[PDB]
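Here the protein sequences line up with chains v and w, keeping their order. The number in the entry's author numbering is simply the position in the first sequence, starting from 1, with 63 added. The number in the entry's author numbering is simply the position in the second sequence, starting from 1, with 63 added.
2 protein chains.
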Amino acid sequence: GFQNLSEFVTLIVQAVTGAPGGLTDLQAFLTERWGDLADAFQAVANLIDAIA
Amino acid sequence: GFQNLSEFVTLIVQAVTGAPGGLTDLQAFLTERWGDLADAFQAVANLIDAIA
C-alpha cells in the first residue's frame, strides 16, 4: 500500500518509534532506548550492591 | 535512496542492531536482547522477593 520506499521507511520508523523521521532517527531512538535500558540494568546491579 | 531491498534490509538491521547482517541476524540479536531483558525483569522480581 506504499507509493515508494521512502514513505515505507517513515512508516517503519513511526511503527518502532514514537517520533516520525528517517532511518537515522530510528537508529537514534533505538540507541537511546538501549542506553536507558542499560542504565536501568546497572541501577538494578547497584541496588544489589547497596543491599550487599 | 536504496539500490535494492536486500541493501535496505541490511540498512534496517544496522539501524536497529549494532551488528550488520540479514533478517535472521536481526531476529537473533533482538531475541538475545529479549532474553537479557527478561532476565533483568526476573532480577527485579527476585529483588522484590529478597526485600520480602
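Here a beta-carbon is modelled for each residue, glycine too, at the ideal position from N, C-alpha and C.
Cβ closer than 9 Å: which chain w residues qualify as neighbours of residue i?
i	result
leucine 89(v)	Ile75, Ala78 and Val79
Quick one, are the C-beta atoms of residue i and residue j less than 7 Å apart?
i	j	result
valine 76(v)	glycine 84(v)	yes
Against chain v, with Cβ distances strictly below 7 Å, would residue i count as a contact?
i	result
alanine 103(w)	yes
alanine 115(w)	no
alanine 82(w)	no
Check the Cβ of residue i against every Cβ in chain v and list those closer than 7 Å, keeping chain order.
i	result
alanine 106(w)	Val107
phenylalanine 92(w)	By Cβ distance, chain v contributes nothing, its closest Cβ being about 11 Å from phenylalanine 92(w), past 7 Å.
So, under 8 Å CB-CB, residue i and residue j are touching, yes? Tell me the CB distance rounded to an integer number of Å.
i	j	result
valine 79(v)	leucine 86(v)	The Cβ separation is near 11 Å, so there is no contact.
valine 107(v)	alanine 103(w)	6 Å
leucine 100(w)	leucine 100(v)	7 Å
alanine 91(w)	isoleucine 114(v)	Rounded, the Cβ-Cβ distance is 34 Å, inconsistent with contact.
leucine 110(v)	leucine 110(w)	6 Å
Chain v partners of residue i, CB-CB under 8 Å?
i	result
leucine 110(w)	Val107, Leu110, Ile111 and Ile114
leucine 100(w)	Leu100
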